Asker: 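Structure incoming, see below.
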Amino acid sequence: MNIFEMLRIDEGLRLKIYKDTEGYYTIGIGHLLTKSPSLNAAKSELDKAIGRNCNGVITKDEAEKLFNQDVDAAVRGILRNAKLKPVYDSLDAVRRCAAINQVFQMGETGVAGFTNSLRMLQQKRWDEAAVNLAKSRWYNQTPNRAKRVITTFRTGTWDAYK
Ligand SMILES: C=CCNc1ccccc1
Ligand SMILES: [Cl-]
Ligand SMILES: [Cl-]
């Protein structure tokens, strides 16, 4: 198991524009196109990202290309973040995957506000952090996924991903 596989599991793969769990235009492997509700604003964004006139549709390869850049951007986001960086480097390799998963899903910003959990994770207080993490909108809106990540942080293994 690795980050790619992990996230491929959590976000799935769609070749046509779609609406995410929050109602936003997205494509491929969880790639967010726009928060706006204009489908057209969405296609424009898609074309810009792909570099061609997609008409709302993409190829596998293309999706995967966006995914790569996307994984990449997130780690790099983590790395640059002062609040995040130090936590991330104090983790082992599996738990780091769990951090990238959340940042992918919610942005560096959202994660940056999980102050208390951040701290708990830093101190290696697994069970404590897991309970903390659950006390969030994130858990409440996307419980199944959230549970997976949390068990990830919690145990340090891929059990949740079986
Ligand atoms: C507490 C939330 C975990 N998320 C997170 C993200 C990046 C680095 C370290 C931790
Ligand atoms: Cl792009
Ligand atoms: Cl879910």
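In this chain, residues are counted from 1 in sequence order.
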Asker: With sequence neighbours left out, what residues match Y18 under ring-ring contact (aromatic ring centres under 6.0 Å, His included)?
Answerer: none
Asker: Hey, does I29 have a side-chain heavy atom less than 4.5 Å from the side chain of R14?
Answerer: no
Asker: Which heavy atom of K19 sits nearest a heavy atom of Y25, and at what distance?
Answerer: CG-CE2, 3.5 Å
Asker: What heavy-atom pair brings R154 and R95 nearest, and what distance separates the two atoms?
Answerer: O-NH2, 3.3 Å
Asker: Name all residues meeting the side chain to side chain contact (heavy atoms under 4.5 Å, CB included) criterion together with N81; count only those two or more places apart in sequence or in a different chain, and write none if there are none.
Answerer: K83, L84, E108, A112
Asker: Could you grab the distance from atom CG of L33 to atom OG1 of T26, nearest 0.5 Å is fine?
Answerer: 6.5 Å
Asker: Is the closest side-chain heavy-atom distance between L13 and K60 below 4.5 Å?
Answerer: yes
Asker: Please enumerate all residues that pass side chain to side chain contact (heavy atoms under 4.5 Å, CB included) together with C97, with sequence neighbours excluded.
Answerer: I3, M6, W158
Asker: For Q102 and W138, does a side-chain donor sit closer than 3.5 Å to a side-chain acceptor?
Answerer: no
Asker: Please give the remaining members of the hydrophobic cluster of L32, linking ILVMFWY side chains under 4.5 Å, ordered by chain and number.
Answerer: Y24
Asker: Out of curiosity, does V131 fall in the hydrophobic cluster containing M120 (side-chain heavy atoms, cut-off under 4.5 Å, transitive links)?
Answerer: no
Asker: Shared ILVMFWY cluster between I100 and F4, side chains joined below 4.5 angstrom?
Answerer: yes
Asker: Looking only at heavy atoms, which two atoms of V57 and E62 are closest? And how far apart?
Answerer: O-OE1, 4.3 Å
Asker: Under the criterion side chain to side chain contact (heavy atoms under 4.5 Å, CB included), I'd like the reasoning laid out for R96 against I78: C-alpha separation, chi angles, the key distance, then a yes or no.
Answerer: CA-CA 10 Å; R96 273 166 189 193; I78 278 164; over 6 Å; no
Asker: Does a side-chain heavy-atom distance below 4.5 Å link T157 with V94?
Answerer: no
Asker: Quick one: closest heavy-atom pair of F67 and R8, and the distance?
Answerer: CZ-N, 4.1 Å
Asker: Take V71 and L7 through the test side chain to side chain contact (heavy atoms under 4.5 Å, CB included) and record every step on the way to the result.
Answerer: CA-CA 9 Å; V71 167; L7 281 154; 4.0 Å; yes
Asker: Taking side chain to side chain contact (heavy atoms under 4.5 Å, CB included) as the test, write out the residues that go with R148, two or more places apart.
Answerer: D10, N144, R145, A160, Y161
Asker: To check you understand the geometry: which heavy-atom pair defines the closest contact between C54 and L46, and what is its length?
Answerer: CB-CD2, 3.6 Å
Asker: Compare every heavy atom of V111 with every heavy atom of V103, then report the nearest pair and how far apart it is.
Answerer: CG2-CG2, 3.8 Å
Asker: Would you please name every residue forming a side chain to side chain contact (heavy atoms under 4.5 Å, CB included) with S36, sequence neighbours left out?
Answerer: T34, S38, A41
